[PDB]
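Participant: Residue numbers (PDB author numbering), protein chains in the order written: chain A, 749 to 798; chain B, 34 to 396; chain C, 101 to 548; chain D, 744 to 758, 766 to 792; chain E, 397 to 398, 400 to 538.
Just so you know, even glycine gets a beta-carbon here, dropped at the ideal spot from N, CA and C.
First the structure, which I've put down as structure tokens, then a few questions once you've had a look.
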Amino acid sequence: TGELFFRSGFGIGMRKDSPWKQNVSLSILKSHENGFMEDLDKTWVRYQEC
Amino acid sequence: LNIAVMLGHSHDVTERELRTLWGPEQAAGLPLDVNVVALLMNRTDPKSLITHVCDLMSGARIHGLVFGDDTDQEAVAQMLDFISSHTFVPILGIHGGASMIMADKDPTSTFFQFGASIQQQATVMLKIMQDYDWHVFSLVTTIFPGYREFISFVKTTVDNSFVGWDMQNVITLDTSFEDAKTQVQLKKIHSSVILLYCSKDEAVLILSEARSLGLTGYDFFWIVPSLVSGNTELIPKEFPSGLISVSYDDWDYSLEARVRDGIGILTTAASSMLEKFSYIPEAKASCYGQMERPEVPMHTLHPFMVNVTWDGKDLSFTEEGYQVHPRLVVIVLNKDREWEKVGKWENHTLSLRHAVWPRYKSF
Amino acid sequence: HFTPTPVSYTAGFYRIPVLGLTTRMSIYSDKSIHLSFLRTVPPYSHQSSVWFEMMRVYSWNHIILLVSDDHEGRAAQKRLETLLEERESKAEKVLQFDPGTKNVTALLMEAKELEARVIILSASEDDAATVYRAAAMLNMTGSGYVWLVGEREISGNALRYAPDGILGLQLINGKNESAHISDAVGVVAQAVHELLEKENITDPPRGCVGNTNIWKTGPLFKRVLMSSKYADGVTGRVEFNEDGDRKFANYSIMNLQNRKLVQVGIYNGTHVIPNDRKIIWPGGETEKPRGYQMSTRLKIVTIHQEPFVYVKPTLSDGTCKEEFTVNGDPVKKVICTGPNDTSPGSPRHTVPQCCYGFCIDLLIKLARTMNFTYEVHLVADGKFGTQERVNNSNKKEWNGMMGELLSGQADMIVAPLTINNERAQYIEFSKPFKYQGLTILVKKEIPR
Amino acid sequence: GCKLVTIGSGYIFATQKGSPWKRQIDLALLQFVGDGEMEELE
Amino acid sequence: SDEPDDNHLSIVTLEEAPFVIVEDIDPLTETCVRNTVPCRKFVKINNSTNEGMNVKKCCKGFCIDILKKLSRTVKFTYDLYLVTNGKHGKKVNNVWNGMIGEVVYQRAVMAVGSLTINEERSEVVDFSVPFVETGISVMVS
Numbered sequence: 749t750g751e752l753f754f755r756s757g758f759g760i761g762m763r764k765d766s767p768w769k770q771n772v773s774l775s776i777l778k779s780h781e782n783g784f785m786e787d788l789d790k791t792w793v794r795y796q797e798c
Numbered sequence: 034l035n036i037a038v039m040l041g042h043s044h045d046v047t048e049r050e051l052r053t054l055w056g057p058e059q060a061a062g063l064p065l066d067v068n069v070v071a072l073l074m075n076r077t078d079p080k081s082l083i084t085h086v087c088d089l090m091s092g093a094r095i096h097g098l099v100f101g102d103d104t105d106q107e108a109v110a111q112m113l114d115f116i117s118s119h120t121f122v123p124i125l126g127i128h129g130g131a132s133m134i135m136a137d138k139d140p141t142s143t144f145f146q147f148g149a150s151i152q153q154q155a156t157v158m159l160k161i162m163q164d165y166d167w168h169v170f171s172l173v174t175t176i177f178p179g180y181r182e183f184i185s186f187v188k189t190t191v192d193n194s195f196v197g198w199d200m201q202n203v204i205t206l207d208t209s210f211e212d213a214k215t216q217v218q219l220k221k222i223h224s225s226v227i228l229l230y231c232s233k234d235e236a237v238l239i240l241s242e243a244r245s246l247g248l249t250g251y252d253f254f255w256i257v258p259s260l261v262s263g264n265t266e267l268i269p270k271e272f273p274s275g276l277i278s279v280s281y282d283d284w285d286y287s288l289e290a291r292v293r294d295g296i297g298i299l300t301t302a303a304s305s306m307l308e309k310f311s312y313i314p315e316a317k318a319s320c321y322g323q324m325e326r327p328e329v330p331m332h333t334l335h336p337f338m339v340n341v342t343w344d345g346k347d348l349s350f351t352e353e354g355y356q357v358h359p360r361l362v363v364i365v366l367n368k369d370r371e372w373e374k375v376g377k378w379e380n381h382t383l384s385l386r387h388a389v390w391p392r393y394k395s396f
Numbered sequence: 101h102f103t104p105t106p107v108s109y110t111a112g113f114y115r116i117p118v119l120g121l122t123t124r125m126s127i128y129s130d131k132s133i134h135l136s137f138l139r140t141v142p143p144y145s146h147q148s149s150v151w152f153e154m155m156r157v158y159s160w161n162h163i164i165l166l167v168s169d170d171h172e173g174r175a176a177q178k179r180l181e182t183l184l185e186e187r188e189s190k191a192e193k194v195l196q197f198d199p200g201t202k203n204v205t206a207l208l209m210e211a212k213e214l215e216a217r218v219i220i221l222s223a224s225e226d227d228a229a230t231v232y233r234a235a236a237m238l239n240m241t242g243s244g245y246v247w248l249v250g251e252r253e254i255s256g257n258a259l260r261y262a263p264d265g266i267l268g269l270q271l272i273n274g275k276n277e278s279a280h281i282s283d284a285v286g287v288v289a290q291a292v293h294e295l296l297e298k299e300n301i302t303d304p305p306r307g308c309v310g311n312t313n314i315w316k317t318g319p320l321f322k323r324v325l326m327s328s329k330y331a332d333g334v335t336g337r338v339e340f341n342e343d344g345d346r347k348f349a350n351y352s353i354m355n356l357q358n359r360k361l362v363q364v365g366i367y368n369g370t371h372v373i374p375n376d377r378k379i380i381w382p383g384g385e386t387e388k389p390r391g392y393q394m395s396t397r398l399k400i401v402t403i404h405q406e407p408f409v410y411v412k413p414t415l416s417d418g419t420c421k422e423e424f425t426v427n428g429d430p431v432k433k434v435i436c437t438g439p440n441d442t443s444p445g446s447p448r449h450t451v452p453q454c455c456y457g458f459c460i461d462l463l464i465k466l467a468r469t470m471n472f473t474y475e476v477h478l479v480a481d482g483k484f485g486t487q488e489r490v491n492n493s494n495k496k497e498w499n500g501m502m503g504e505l506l507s508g509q510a511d512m513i514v515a516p517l518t519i520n521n522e523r524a525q526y527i528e529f530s531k532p533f534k535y536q537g538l539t540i541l542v543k544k545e546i547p548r
Numbered sequence: 744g745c746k747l748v749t750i751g752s753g754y755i756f757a758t766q767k768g769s770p771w772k773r774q775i776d777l778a779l780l781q782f783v784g785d786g787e788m789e790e791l792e
Numbered sequence: 397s398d400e401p402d403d404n405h406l407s408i409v410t411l412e413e414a415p416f417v418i419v420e421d422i423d424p425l426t427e428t429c430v431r432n433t434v435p436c437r438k439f440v441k442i443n444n445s446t447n448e449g450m451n452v453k454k455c456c457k458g459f460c461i462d463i464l465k466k467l468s469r470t471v472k473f474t475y476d477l478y479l480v481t482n483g484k485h486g487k488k489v490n491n492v493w494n495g496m497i498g499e500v501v502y503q504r505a506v507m508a509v510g511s512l513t514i515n516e517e518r519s520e521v522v523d524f525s526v527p528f529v530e531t532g533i534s535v536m537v538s
């Protein structure tokens with residue numbers, strides 16, 4: 749019940765001097781654009797009901 | 034065995050001999066034959082240091098040191114380094130310039146002082162801001178050597194607080210006799226409680242300016258520590274009501290009470306010597322020779338000054354020689370501008386006050 | 101140990117200014133206790149600023165700092181950290197020592213764990229010499245292992261066990277003290293003739309008896325000495341810092357080559373002049389090395405959260421099974437080292453346990469597209485971890501997963517972490533997966 | 744009248767460089783989402 | 397008698414309802430409407446004379462309330478104009494138009510919009526935090 753309280757995103761724990769924020773976030777853009785987010789929606793999220 | 038005492042001209046010498054006799058007949062009856070040599074002076078003078086110190090080091094290698102002066106020069110306690118390192122004799126600083134702690138205690142220093150313990154100053158100032166809920170600040174220091182320390186104390190101990198103290202920035206007056214730049218930096222005060230860390234003459238200057246700035250109004254408040262109060266015997270003119278200091282003054286104490294307390298501290302350190310040794314590293318002979326080395330093979334009082342308790346009062350000291358259970362007489366100026374007893378910090382370092390919120394009362 | 105304390109402080113009863121001629125012990129540079137003591141020769145901590153110039157010539161970001169814990173050492177640490185955080189450059193490690201460390205080998209094995217091979221040194225001579233032994237002993241000297249050395253370690257046996265190609269420092273006109281005599285007498289003479297132009301010149305006390313008063317023109321001595329400029333010195337411009345140490349005294353950077361110092365670096369105070377004598381970097385070639393070498397081995401600790409990480413046991417082999425999804429697809433599974441009794445104050449036994457979920461699929465996608473390997477662990481706490489107080493009631497510290505990244509133990513959090521502003525102040529997220537928020541479990545009521 | 748039904752019940756498909771402003775803007779947005787003033791605009 | 402100041406942020410966005418809703422100058426004894434900022438359009442004279450007269454027009458919406466919040470939090474000055482050439486960004490032999498054309502060619506040093514943070518756009522332009530959730534939806538009767 750209720751709305752999404754504190755609407756944030758689910759990110760990755762990355763140190764500030766980590767140089768690989770870049771291409772990982774590019775792969776994140778690919779996951780949103782090519783539906784790999786939707787692929788995990790199929791493969792882990794959307795199975796069950798009552 | 035031997036304790037040397039140099040004082041400001043004050044309560045007298047035979048009085049201190051009677052105080053030593055009463056401390057000897059009081060308690061902890063001393064297999065060591067403790068013998069004390071005391072004098073009254075008024076000097077900040079190093080030839081007096083050479084004469085008195087070297088002539089008492091020639092005489093029977095005196096092992097204890099107590100110093101309560103009627104002085105204010107801070108660097109004297111810093112010049113006790115060469116006694117602590119060219120005699121390696123432990124030093125006790127109760128009043129005077131020996132009280133003025135600005136010497137961060139070296140591993141070669143043998144300092145233990147009844148003076149205004151700096152970390153405890155910062156914590157007690159913050160608990161004063163707690164206990165009447167003065168969350169809104171204004172911070173004015175200067176750039177005397179050692180005030181950037183206090184800037185670090187205020188910043189860290191507010192940032193280590195979940196209270197969320199309302200911060201107005203540390204307004205550091207750069208040099209003296211600016212008198213236009215100081216007024217520009219002190220028109221930047223826009224709150225009630227003004228926290229000062231300065232000298233005494235600069236406090237005269239800042240109060241003379243702030244009586245023109247309108248900041249010495251009597252809904253403002255003024256909590257200024259023992260850097261400016263110092264001798265409560267000296268009450269200069271421009272210092273109004275509601276000035277709040279934190280100092281180890283003999284309002285709650287006397288001279289000879291603290292004398293007997295500190296001699297008892299030395300005798301518990303000497304009893305811990307007689308526990309862990311059965312012999313004592315003697316004091317040096319002369320100021321004019323270095324015979325073999327400074328090898329402290331018999332391990333002087335720095336582990337032995339750790340644990341000291343007297344008469345229900347833990348007179349023990351920290352790693353940097355500050356008081357574990359401190360005294361911290363908190364003293365507020367009133368209408369008559371009289372240094373009077375308000376706060377205490379002897380019970381688990383907790384405040385013991387009069388619940389009088391209003392103190393700036395038309396001086 | 102007869103570096104000059106006593107004459108200085110016995111002049112420091114009544115706040116009398118003293119100029120240390122060639123002293124480099126930055127204990128004396130501490131204004132808080134050493135009141136009125138200024139120098140014609142700046143100490144090594146000013147040299148700390150000089151190494152930042154190396155940064156802007158040699159383009160570094162990963163820094164190894166080695167400090168024998170001294171008031172000199174901690175003051176140099178303060179200057180280093182200020183000049184880092186002004187340019188936002190970030191050091192990796194500051195390992196700490198006493199003068200006398202010989203079992204450096206544990207801290208050396210810690211030093212084997214970095215991209216950086218940039219070694220900045222501040223300790224005594226024999227400290228350095230034994231380290232040049234133990235690290236060489238590690239092997240730890242190869243091209244990239246660049247030794248950035250204070251001049252105390254350019255004396256004694258620190259000279260005699262160091263390798264070659266080491267960048268060291270030399271202050272120009274440090275030892276010819278006759279030039280210091282000429283410069284200092286010119287400076288103090290015109291400073292006196294600045295003093296005599298002022299007013300209320302207080303009389304200097306004859307006796308050290310009865311003179312119970314500090315100098316009044318003490319700060320006026322200080323205002324003369326800080327504000328006087330002497331461009332016509334033998335050493336260059338005799339003009340001071342806000343430390344009373346000289347600005348723009350000429351610097352040189354040297355290289356033991358067959359243990360023979362070779363001139364490369366020249367500074368007025370800041371102006372970079374590399375000499376034509378090349379820098380053979382102190383292992384291999386003259387190529388500017390990289391303290392940047394990745395491992396593609398990512399320390400991951402995983403929060404016990406299903407379905408994100410289903411934490412199930414392995415087989416009796418310690419290995420995961422052969423299972424399938426609902427789709428009949430074999431699950432990407434991870435052996436995860438983690439405790440059995442996942443509670444505080446319990447016998448915790450690091451067991452391989454199977455892990456299942458979103459983030460494993462994500463990491464193997466990133467293994468394919470990114471070419472990294474992943475070192476996956478379970479949380480001993482089972483918690484995220486916040487800023488809470490440790491005893492003495494002020495120690496605000498990040499706990500849990502935040503405490504694991506901020507201690508160097510974990511290098512990655514691959515877990516559904518909500519974007520937190522305070523966490524982003526320390527540990528910055530990538531682009532987030534799911535734009536979600538908190539919801540509320542309410543019970544299903546029974547029918548009538 | 745709102746008989747015009749969009750895609751599902753909210754089923755969403757398709758699920766300057768070097769400025770120092772980025773930290774300021776992003777921590778500010780963490781403050782606003784932590785305070786919900788974007789929800790006030792909503 | 398200089400006093401240099403670099404606080405003026407050229408923010409040139411599209412008319413995007415309800416993020417950006419542009420009104421005209423109201424004759425309310427001044428040019429001051431309670432929620433508006435004047436925004437200088439380039440109102441072209443003719444087709445042959447394309448001289449865009451910078452006409453101040455009243456401005457409201459989400460993003461202008463957000464820039465008011467940033468003048469209250471980040472506390473700087475923000476220069477509002479409107480986009481005429483292109484809408485967001487067009488790879489016209491990778492010569493960007495619209496928002497991205499104003500960002501890359503630094504016409505709009507700052508650009509807010511209702512900008513979709515695309516992977517192709519993140520290749521070219523950096524982006525902030527998402528502040529409004531979106532994606533692709535389908536509207537039907």
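Inspect the beta-carbon positions of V167(C) and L195(C) and report whether they are closer than 9 Å.
Facilitator: Against a cut-off of 9 Å, the Cβ pair of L195(C) and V167(C) comes out as a contact.
Participant: Thinking C-alpha only, which one of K160(B), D78(B) and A71(B) is nearest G307(C)?
Facilitator: Residue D78(B) is the option with its Cα nearest to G307(C).
Participant: Along the stretch 509 to 527 of chain E, where does the CB come closer than 7 Å to a CB of chain C? Name the residues.
Facilitator: Residues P527.
Participant: In its own chain, which residues sit with a C-beta less than 8 Å from the C-beta of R360(B), not counting the 5 before and 5 after it?
Facilitator: Excluding positions up to five away in sequence, the list reads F147, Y281, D285, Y286, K377, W378 and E379.
Participant: Any idea if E172(C) is buried or exposed, counting beta-carbon neighbours within 10 angstroms, 16 or more meaning buried?
Facilitator: So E172(C) counts as buried.
Participant: What are the uninterrupted segments assigned as alpha helix (DSSP H) that are 4 or more residues long and contained completely in the stretch 112 to 198 of chain B, given in chain order?
Facilitator: For the stretch 112 to 198 of chain B, whole alpha helix (DSSP H) runs of length 4 or above, ordered along the chain, are 114 to 119, 151 to 164 and 180 to 192.
Participant: In the DSSP output, what is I164(C) paired with across the bridge?
Facilitator: In the DSSP output, where bridge partners are listed per residue, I164(C) has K193(C) and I219(C).
Participant: Taking buried to mean at least 16 other C-beta atoms within 10 Å of its own C-beta, is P330(B) buried or exposed?
Facilitator: By the 10 Å Cβ count, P330(B) comes out exposed.
Participant: Use the C-beta contact count for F183(B): other C-beta atoms within 10 angstroms, 16 or more gives buried, fewer gives exposed.
Facilitator: So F183(B) counts as buried.
Participant: Does any residue of chain E bring its CB to less than 9 Å from the CB of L788(A)?
Facilitator: Judged by the 9 Å Cβ criterion, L788(A) is not in contact with chain E.
Participant: Could you tell me which residues DSSP pairs with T208(B) in its beta bridges?
Facilitator: Paired residue(s): none; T208(B) is not in a bridge.
Participant: Taking the continuous alpha helix (DSSP H) assigned at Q290(C), which residues delimit it?
Facilitator: Unbroken alpha helix (DSSP H) run through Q290(C): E277 to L295.
Participant: How is the beta strand (DSSP E) around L356(C) delimited, first residue to last?
Facilitator: From DSSP, the beta strand (DSSP E) with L356(C) extends over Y351 to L356.
Participant: Is the beta carbon of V363(B) closer than 9 Å to that of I161(B)?
Facilitator: Yes. Within cutoff.
Participant: Taking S773(A) as the reference, which of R431(E), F416(E), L464(E) and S525(E) has the closest Cα?
Facilitator: With distances taken between Cα atoms, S773(A) lies closest to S525(E).
Participant: For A258(C), which residues in the same chain have their Cβ closer than 6 Å to its Cβ, ignoring the five residues on either side in sequence?
Facilitator: Correct list, in chain order: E225, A228 and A229.
Participant: Report the neighbours of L135(C) on chain B: residues whose CB is nearer than 9 Å to its CB, in chain order.
Facilitator: Near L135(C) (Cβ distances below 9 Å), the residues of chain B are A108, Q111 and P178.
Participant: Exposed or buried, what is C429(E) when buried is set at 16 or more other beta-carbons lying within 10 Å of its beta-carbon?
Facilitator: Classification of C429(E): exposed, given that the 10 Å Cβ count is below 16.
Participant: What residues in the stretch 70 to 83 of chain B bring their beta carbon closer than 9 Å to a beta carbon of chain C?
Facilitator: Flagged, chain order: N75, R76, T77, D78, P79, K80, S81, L82 and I83.
Participant: For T190(B), return the contacting residues in chain C, with the cut-off set at a CB-CB distance below 8 Å.
Facilitator: By Cβ distance, chain C contributes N494.
Participant: In angstroms with no decimal places, state the Cα-to-Cα distance between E413(E) and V509(E).
Facilitator: Using only the alpha carbons, I get a separation of about 11 Å.
Participant: Leaving out five residues before and five after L248(C) in sequence, what residues of the same chain have Cβ atoms less than 8 Å from its Cβ?
Facilitator: Within the same chain, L248(C) has close Cβ partners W151, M154, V218, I219, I220, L221 and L267.
Participant: Is the separation between the beta-carbon of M135(B) and that of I281(C) shorter than 9 Å?
Facilitator: No.
Participant: Can you tell me which of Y393(B), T382(B), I296(B) and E211(B) puts its alpha carbon nearest to the alpha carbon of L63(B)?
Facilitator: Taking only the C-alpha atoms, the option nearest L63(B) is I296(B).
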